[PDB]
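Enquirer: Right, I'll just put the structure down here and ask away after.
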Amino acid sequence: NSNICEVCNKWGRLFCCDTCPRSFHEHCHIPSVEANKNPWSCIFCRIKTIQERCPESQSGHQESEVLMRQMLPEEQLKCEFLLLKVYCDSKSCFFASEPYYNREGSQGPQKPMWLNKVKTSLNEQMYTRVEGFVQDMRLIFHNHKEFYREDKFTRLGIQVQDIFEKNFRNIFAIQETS
Ligand SMILES: [Zn+2]
Ligand SMILES: [Zn+2]
Ligand SMILES: [Zn+2]
């Protein structure tokens, strides 16, 4: 197995996947690495299994259909994995914890949002459809772009949104377009 966490790239107290060489900190994995379970399979492995059981699930889909899906177990897992893919980028640090807004010439967003809040909401089963999760994720970056205006720091929001959107299109097999 790897000797660093797949998500944060640090060593420490790591749990090892039984079906692949990845390793994780307990609360870096999403969901948090389970208490017992021998063998244990990581989220990457569980997602690959879904795909392998239903090869047709990789054919292209319309976003509008994906967003209306109810959060049954497989869609719950897919959103957990998409959230984890965001955390895998080191620039996610800017969006992880609760933000605050005190900048001359800007006003804070009406509905603040952050990764750890989305994480809690998934854990607590607060989303009934994929749309709920995707809306909160996109809100993180939209709030950032609007608050930071012309400051070059707005680019961090563009960068992390691009990670989110590419992973969304991959995980939910969105139909490729120009
Ligand atoms: Zn970690
Ligand atoms: Zn694995
Ligand atoms: Zn099938």
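FYI, nothing fancy with the structure tokens labels: chains A, B, ... in order, residues from 1 per chain, ligands from 1 as they appear.
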Could you give me, as a list in words, the residues within 12 Å of residue 91 of chain A, counting only C-alpha atoms and dropping anything in the same chain fewer than 6 positions from it?

Expert: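 Contacts, in chain order: residues 7, 8, 85, 115, 153, 155, 156, 157, 158, 159, 160, 161, 162, 163 and 164 of chain A.
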
Enquirer: Write a file of the just-selected residues containing C-alpha atoms, as an mmCIF file, in the first residue's frame.

Expert:
data_model
loop_
_atom_site.group_PDB
_atom_site.id
_atom_site.type_symbol
_atom_site.label_atom_id
_atom_site.label_comp_id
_atom_site.auth_asym_id
_atom_site.auth_seq_id
_atom_site.Cartn_x
_atom_site.Cartn_y
_atom_site.Cartn_z
ATOM 1 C CA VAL A 7 -6.328 12.869 -0.190
ATOM 2 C CA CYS A 8 -3.894 15.132 1.773
ATOM 3 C CA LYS A 85 -12.019 14.458 -5.346
ATOM 4 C CA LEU A 115 -16.753 22.063 2.006
ATOM 5 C CA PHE A 153 -7.565 35.707 -5.558
ATOM 6 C CA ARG A 155 -8.820 32.693 -9.579
ATOM 7 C CA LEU A 156 -8.656 30.159 -6.737
ATOM 8 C CA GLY A 157 -12.455 29.789 -7.075
ATOM 9 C CA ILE A 158 -12.149 29.245 -10.818
ATOM 10 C CA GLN A 159 -9.462 26.644 -10.301
ATOM 11 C CA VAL A 160 -11.244 24.583 -7.691
ATOM 12 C CA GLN A 161 -14.568 24.849 -9.577
ATOM 13 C CA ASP A 162 -12.825 23.420 -12.612
ATOM 14 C CA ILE A 163 -11.725 20.403 -10.500
ATOM 15 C CA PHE A 164 -15.279 19.972 -9.262
#

Enquirer: Which polymer residues have any atom within 12 Å of an atom of segment 137-148 of chain A, counting only C-alpha atoms, with same-chain residues fewer than 5 positions away left out, as a JSON list (two decimals) with N, CA, C and O atoms, in the first residue's frame?

Expert:
[["chain", "number", "residue", "atom", "x", "y", "z"],
["A", 79, "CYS", "N", -21.78, 11.18, -4.86],
["A", 79, "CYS", "CA", -21.55, 12.58, -4.34],
["A", 79, "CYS", "C", -20.44, 12.59, -3.32],
["A", 79, "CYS", "O", -19.62, 13.54, -3.32],
["A", 80, "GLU", "N", -20.40, 11.60, -2.46],
["A", 80, "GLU", "CA", -19.24, 11.49, -1.49],
["A", 80, "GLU", "C", -17.90, 11.43, -2.20],
["A", 80, "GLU", "O", -16.94, 12.10, -1.82],
["A", 82, "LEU", "N", -17.21, 12.54, -5.32],
["A", 82, "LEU", "CA", -16.99, 13.81, -5.96],
["A", 82, "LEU", "C", -16.48, 14.85, -4.94],
["A", 82, "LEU", "O", -15.52, 15.58, -5.23],
["A", 83, "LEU", "N", -17.09, 14.86, -3.77],
["A", 83, "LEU", "CA", -16.61, 15.75, -2.68],
["A", 83, "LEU", "C", -15.16, 15.41, -2.33],
["A", 83, "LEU", "O", -14.26, 16.29, -2.19],
["A", 86, "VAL", "N", -12.59, 16.76, -4.72],
["A", 86, "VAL", "CA", -12.28, 18.17, -4.45],
["A", 86, "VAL", "C", -11.27, 18.33, -3.36],
["A", 86, "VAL", "O", -10.31, 19.12, -3.48],
["A", 92, "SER", "N", -8.26, 23.14, -2.16],
["A", 92, "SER", "CA", -9.43, 23.01, -1.36],
["A", 92, "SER", "C", -9.35, 23.58, 0.05],
["A", 92, "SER", "O", -10.36, 23.92, 0.66],
["A", 94, "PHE", "N", -8.73, 26.49, 0.97],
["A", 94, "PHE", "CA", -9.39, 27.79, 1.00],
["A", 94, "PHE", "C", -10.89, 27.77, 1.19],
["A", 94, "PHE", "O", -11.45, 28.73, 1.69],
["A", 95, "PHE", "N", -11.50, 26.63, 0.84],
["A", 95, "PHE", "CA", -12.92, 26.47, 0.81],
["A", 95, "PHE", "C", -13.42, 25.47, 1.88],
["A", 95, "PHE", "O", -14.60, 25.19, 1.93],
["A", 96, "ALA", "N", -12.55, 24.89, 2.67],
["A", 96, "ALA", "CA", -12.92, 23.85, 3.59],
["A", 96, "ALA", "C", -13.68, 24.27, 4.80],
["A", 96, "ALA", "O", -14.72, 23.68, 5.16],
["A", 97, "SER", "N", -13.19, 25.31, 5.47],
["A", 97, "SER", "CA", -13.82, 25.73, 6.73],
["A", 97, "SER", "C", -14.66, 26.98, 6.53],
["A", 97, "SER", "O", -14.71, 27.58, 5.47],
["A", 98, "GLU", "N", -15.38, 27.38, 7.59],
["A", 98, "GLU", "CA", -16.35, 28.47, 7.47],
["A", 98, "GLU", "C", -15.66, 29.80, 7.21],
["A", 98, "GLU", "O", -14.77, 30.14, 8.00],
["A", 99, "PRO", "N", -16.03, 30.50, 6.16],
["A", 99, "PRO", "CA", -15.40, 31.74, 5.74],
["A", 99, "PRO", "C", -15.99, 32.92, 6.52],
["A", 99, "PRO", "O", -17.01, 32.80, 7.22],
["A", 100, "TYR", "N", -15.25, 34.03, 6.44],
["A", 100, "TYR", "CA", -15.78, 35.30, 6.92],
["A", 100, "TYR", "C", -15.38, 36.43, 5.95],
["A", 100, "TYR", "O", -14.41, 36.34, 5.18],
["A", 101, "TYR", "N", -16.18, 37.49, 5.97],
["A", 101, "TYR", "CA", -16.22, 38.47, 4.93],
["A", 101, "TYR", "C", -16.14, 39.93, 5.52],
["A", 101, "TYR", "O", -17.14, 40.51, 5.91],
["A", 102, "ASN", "N", -14.95, 40.50, 5.40],
["A", 102, "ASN", "CA", -14.74, 41.89, 5.81],
["A", 102, "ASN", "C", -13.64, 42.51, 4.95],
["A", 102, "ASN", "O", -12.46, 42.48, 5.31],
["A", 103, "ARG", "N", -14.09, 42.98, 3.81],
["A", 103, "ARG", "CA", -13.22, 43.52, 2.75],
["A", 103, "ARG", "C", -13.82, 44.84, 2.31],
["A", 103, "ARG", "O", -14.98, 44.93, 2.03],
["A", 104, "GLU", "N", -13.00, 45.90, 2.28],
["A", 104, "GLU", "CA", -13.54, 47.18, 1.80],
["A", 104, "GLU", "C", -14.07, 47.06, 0.37],
["A", 104, "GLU", "O", -13.45, 46.45, -0.47],
["A", 105, "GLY", "N", -15.27, 47.61, 0.16],
["A", 105, "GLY", "CA", -15.94, 47.56, -1.13],
["A", 105, "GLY", "C", -16.66, 46.28, -1.52],
["A", 105, "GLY", "O", -17.22, 46.22, -2.60],
["A", 106, "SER", "N", -16.73, 45.29, -0.61],
["A", 106, "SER", "CA", -17.52, 44.10, -0.88],
["A", 106, "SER", "C", -18.40, 43.78, 0.32],
["A", 106, "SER", "O", -18.14, 44.20, 1.46],
["A", 107, "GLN", "N", -19.46, 43.07, 0.03],
["A", 107, "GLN", "CA", -20.38, 42.61, 1.03],
["A", 107, "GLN", "C", -20.36, 41.07, 0.94],
["A", 107, "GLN", "O", -20.29, 40.52, -0.18],
["A", 108, "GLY", "N", -20.44, 40.42, 2.09],
["A", 108, "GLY", "CA", -20.47, 38.95, 2.10],
["A", 108, "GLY", "C", -21.71, 38.37, 1.41],
["A", 108, "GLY", "O", -22.71, 39.01, 1.26],
["A", 109, "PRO", "N", -21.62, 37.08, 1.00],
["A", 109, "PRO", "CA", -22.75, 36.42, 0.41],
["A", 109, "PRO", "C", -23.90, 36.23, 1.36],
["A", 109, "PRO", "O", -23.75, 36.00, 2.56],
["A", 110, "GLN", "N", -25.10, 36.20, 0.77],
["A", 110, "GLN", "CA", -26.32, 35.93, 1.50],
["A", 110, "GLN", "C", -26.38, 34.55, 2.05],
["A", 110, "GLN", "O", -26.95, 34.34, 3.14],
["A", 111, "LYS", "N", -25.75, 33.56, 1.35],
["A", 111, "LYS", "CA", -25.76, 32.19, 1.85],
["A", 111, "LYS", "C", -24.37, 31.59, 1.82],
["A", 111, "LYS", "O", -23.95, 30.98, 0.81],
["A", 112, "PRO", "N", -23.59, 31.78, 2.88],
["A", 112, "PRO", "CA", -22.25, 31.25, 2.87],
["A", 112, "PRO", "C", -22.28, 29.72, 2.78],
["A", 112, "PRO", "O", -23.27, 29.07, 3.20],
["A", 113, "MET", "N", -21.22, 29.14, 2.22],
["A", 113, "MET", "CA", -21.12, 27.72, 2.02],
["A", 113, "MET", "C", -19.68, 27.28, 1.99],
["A", 113, "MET", "O", -18.78, 28.05, 1.56],
["A", 114, "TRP", "N", -19.37, 26.11, 2.48],
["A", 114, "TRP", "CA", -18.05, 25.61, 2.57],
["A", 114, "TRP", "C", -18.01, 24.11, 2.53],
["A", 114, "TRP", "O", -19.05, 23.44, 2.80],
["A", 115, "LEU", "N", -16.83, 23.53, 2.26],
["A", 115, "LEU", "CA", -16.75, 22.06, 2.01],
["A", 115, "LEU", "C", -17.16, 21.26, 3.20],
["A", 115, "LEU", "O", -17.90, 20.27, 3.12],
["A", 116, "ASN", "N", -16.67, 21.65, 4.38],
["A", 116, "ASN", "CA", -17.02, 20.88, 5.59],
["A", 116, "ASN", "C", -18.48, 20.90, 5.89],
["A", 116, "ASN", "O", -18.93, 19.97, 6.48],
["A", 117, "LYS", "N", -19.21, 21.92, 5.54],
["A", 117, "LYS", "CA", -20.66, 22.01, 5.71],
["A", 117, "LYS", "C", -21.33, 21.02, 4.77],
["A", 117, "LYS", "O", -22.27, 20.31, 5.15],
["A", 118, "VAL", "N", -20.81, 20.96, 3.57],
["A", 118, "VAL", "CA", -21.34, 19.97, 2.56],
["A", 118, "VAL", "C", -21.06, 18.57, 3.03],
["A", 118, "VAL", "O", -21.95, 17.68, 2.95],
["A", 119, "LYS", "N", -19.86, 18.32, 3.58],
["A", 119, "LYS", "CA", -19.52, 17.07, 4.16],
["A", 119, "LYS", "C", -20.50, 16.63, 5.30],
["A", 119, "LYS", "O", -20.98, 15.51, 5.29],
["A", 121, "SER", "N", -23.50, 17.74, 5.75],
["A", 121, "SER", "CA", -24.83, 17.58, 5.16],
["A", 121, "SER", "C", -24.96, 16.22, 4.48],
["A", 121, "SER", "O", -26.01, 15.54, 4.61],
["A", 122, "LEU", "N", -23.95, 15.79, 3.79],
["A", 122, "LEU", "CA", -23.97, 14.41, 3.22],
["A", 122, "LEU", "C", -24.03, 13.38, 4.28],
["A", 122, "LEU", "O", -24.79, 12.38, 4.21],
["A", 130, "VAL", "N", -29.54, 14.67, -6.04],
["A", 130, "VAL", "CA", -28.19, 15.12, -6.45],
["A", 130, "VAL", "C", -28.16, 16.65, -6.60],
["A", 130, "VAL", "O", -27.10, 17.29, -6.29],
["A", 131, "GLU", "N", -29.21, 17.26, -7.16],
["A", 131, "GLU", "CA", -29.26, 18.70, -7.33],
["A", 131, "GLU", "C", -28.87, 19.50, -6.05],
["A", 131, "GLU", "O", -28.22, 20.55, -6.15],
["A", 132, "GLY", "N", -29.30, 19.03, -4.89],
["A", 132, "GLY", "CA", -29.06, 19.71, -3.61],
["A", 132, "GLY", "C", -27.56, 19.79, -3.34],
["A", 132, "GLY", "O", -27.05, 20.89, -2.97],
["A", 153, "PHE", "N", -7.20, 36.86, -6.40],
["A", 153, "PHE", "CA", -7.57, 35.71, -5.56],
["A", 153, "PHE", "C", -8.86, 35.06, -6.07],
["A", 153, "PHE", "O", -9.07, 33.84, -5.83],
["A", 154, "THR", "N", -9.64, 35.77, -6.85],
["A", 154, "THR", "CA", -10.81, 35.12, -7.48],
["A", 154, "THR", "C", -10.43, 33.91, -8.27],
["A", 154, "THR", "O", -11.27, 32.94, -8.37],
["A", 155, "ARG", "N", -9.21, 33.86, -8.81],
["A", 155, "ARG", "CA", -8.82, 32.69, -9.58],
["A", 155, "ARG", "C", -8.81, 31.36, -8.83],
["A", 155, "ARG", "O", -9.01, 30.26, -9.42],
["A", 156, "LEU", "N", -8.61, 31.41, -7.53],
["A", 156, "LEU", "CA", -8.66, 30.16, -6.74],
["A", 156, "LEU", "C", -10.04, 29.48, -6.86],
["A", 156, "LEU", "O", -10.14, 28.26, -6.93],
["A", 157, "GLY", "N", -11.10, 30.28, -6.91],
["A", 157, "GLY", "CA", -12.46, 29.79, -7.07],
["A", 157, "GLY", "C", -12.64, 29.16, -8.43],
["A", 157, "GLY", "O", -13.28, 28.09, -8.57],
["A", 158, "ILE", "N", -12.12, 29.82, -9.46],
["A", 158, "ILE", "CA", -12.15, 29.24, -10.82],
["A", 158, "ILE", "C", -11.41, 27.91, -10.90],
["A", 158, "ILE", "O", -11.92, 26.91, -11.47],
["A", 159, "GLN", "N", -10.24, 27.83, -10.30],
["A", 159, "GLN", "CA", -9.46, 26.64, -10.30],
["A", 159, "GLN", "C", -10.12, 25.47, -9.61],
["A", 159, "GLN", "O", -10.13, 24.31, -10.14],
["A", 160, "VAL", "N", -10.65, 25.69, -8.42],
["A", 160, "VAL", "CA", -11.24, 24.58, -7.69],
["A", 160, "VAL", "C", -12.59, 24.21, -8.31],
["A", 160, "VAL", "O", -12.92, 23.02, -8.36],
["A", 161, "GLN", "N", -13.31, 25.16, -8.85],
["A", 161, "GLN", "CA", -14.57, 24.85, -9.58],
["A", 161, "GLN", "C", -14.25, 23.96, -10.78],
["A", 161, "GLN", "O", -15.01, 23.00, -11.02],
["A", 162, "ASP", "N", -13.19, 24.28, -11.48],
["A", 162, "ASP", "CA", -12.82, 23.42, -12.61],
["A", 162, "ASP", "C", -12.56, 21.97, -12.19],
["A", 162, "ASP", "O", -12.95, 21.03, -12.91],
["A", 163, "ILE", "N", -11.90, 21.74, -11.04],
["A", 163, "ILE", "CA", -11.72, 20.40, -10.50],
["A", 163, "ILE", "C", -13.05, 19.75, -10.23],
["A", 163, "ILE", "O", -13.34, 18.59, -10.64],
["A", 164, "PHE", "N", -13.91, 20.48, -9.52],
["A", 164, "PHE", "CA", -15.28, 19.97, -9.26],
["A", 164, "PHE", "C", -16.01, 19.56, -10.58],
["A", 164, "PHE", "O", -16.55, 18.45, -10.63],
["A", 165, "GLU", "N", -16.07, 20.46, -11.54],
["A", 165, "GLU", "CA", -16.85, 20.24, -12.74],
["A", 165, "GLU", "C", -16.30, 19.07, -13.60],
["A", 165, "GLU", "O", -17.08, 18.22, -14.10],
["A", 168, "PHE", "N", -17.28, 16.00, -11.76],
["A", 168, "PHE", "CA", -18.74, 15.78, -11.89],
["A", 168, "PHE", "C", -19.03, 15.11, -13.22],
["A", 168, "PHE", "O", -19.78, 14.09, -13.26]]

Enquirer: Within segment 4-148 of chain A, find each residue whose DSSP state, derived from the backbone, is strand (DSSP E), and express the selection as a PyMOL selection string.

Expert: chain A and resi 14-16+23-25

Enquirer: Just to confirm, what's the straight-line distance from atom CA of residue 172 of chain A to atom CA of residue 32 of chain A in Å (one decimal)?

Expert: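 Atom CA of residue 32 of chain A lies 22.2 Å from atom CA of residue 172 of chain A.
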
Enquirer: Got a sec to check which residues lie within 8 Å of ligand 1, using only C-alpha atoms and all ligand atoms, and send them as an NGL selection string?

Expert: :A and (4-12 or 14 or 24-29)

Enquirer: Could you give me the residues within 8 Å of ligand 3, counting only C-alpha atoms and all ligand atoms, as an MDAnalysis selection string?

Expert: chainID A and resid 53:57

Enquirer: As a quick test: using only C-alpha atoms and all ligand atoms, which residues lie no more than 8 Å away from ligand 2? Give them as a CSV table (one decimal) with N, CA, C and O atoms, in the first residue's frame.

Expert:
chain,number,residue,atom,x,y,z
A,17,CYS,N,-6.4,0.3,1.9
A,17,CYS,CA,-7.5,-0.4,1.2
A,17,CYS,C,-7.1,-1.8,1.0
A,17,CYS,O,-5.9,-2.1,0.6
A,18,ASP,N,-8.0,-2.8,1.1
A,18,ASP,CA,-7.7,-4.2,0.8
A,18,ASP,C,-7.7,-4.5,-0.7
A,18,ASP,O,-7.1,-5.5,-1.1
A,19,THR,N,-8.3,-3.7,-1.6
A,19,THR,CA,-8.5,-4.1,-2.9
A,19,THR,C,-7.8,-3.2,-3.8
A,19,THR,O,-7.9,-3.3,-5.0
A,20,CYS,N,-7.1,-2.2,-3.3
A,20,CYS,CA,-6.2,-1.3,-4.1
A,20,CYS,C,-5.0,-0.8,-3.2
A,20,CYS,O,-5.2,-0.9,-2.0
A,21,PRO,N,-4.0,-0.2,-3.8
A,21,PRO,CA,-2.9,0.3,-2.9
A,21,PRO,C,-3.0,1.6,-2.3
A,21,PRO,O,-2.0,2.2,-1.7
A,22,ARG,N,-4.2,2.2,-2.3
A,22,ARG,CA,-4.4,3.5,-1.6
A,22,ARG,C,-4.5,3.4,-0.2
A,22,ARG,O,-5.0,2.4,0.4
A,23,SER,N,-4.1,4.5,0.5
A,23,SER,CA,-4.3,4.6,1.9
A,23,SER,C,-4.9,5.9,2.3
A,23,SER,O,-4.7,6.9,1.6
A,41,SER,N,-12.8,-1.9,1.6
A,41,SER,CA,-12.6,-1.4,0.3
A,41,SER,C,-12.9,0.1,0.4
A,41,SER,O,-13.9,0.5,0.9
A,42,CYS,N,-11.9,0.9,-0.2
A,42,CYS,CA,-12.0,2.4,-0.3
A,42,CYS,C,-13.1,2.8,-1.3
A,42,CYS,O,-13.5,2.1,-2.2
A,43,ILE,N,-13.5,4.1,-1.2
A,43,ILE,CA,-14.4,4.7,-2.1
A,43,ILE,C,-14.1,4.6,-3.6
A,43,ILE,O,-15.0,4.4,-4.4
A,44,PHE,N,-12.8,4.7,-4.0
A,44,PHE,CA,-12.4,4.5,-5.3
A,44,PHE,C,-12.8,3.1,-5.8
A,44,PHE,O,-13.3,2.9,-6.9
A,45,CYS,N,-12.5,2.1,-4.9
A,45,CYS,CA,-12.9,0.7,-5.2
A,45,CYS,C,-14.4,0.5,-5.3
A,45,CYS,O,-14.8,-0.2,-6.3
A,46,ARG,N,-15.2,1.1,-4.4
A,46,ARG,CA,-16.6,1.0,-4.4
A,46,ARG,C,-17.2,1.6,-5.7
A,46,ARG,O,-18.1,1.0,-6.3

Enquirer: If I take atom CA of residue 74 of chain A and atom CA of residue 3 of chain A, how far is one from the other in Å, to one decimal?

Expert: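 Pair atom CA of residue 74 of chain A / atom CA of residue 3 of chain A returns 29.1 Å.
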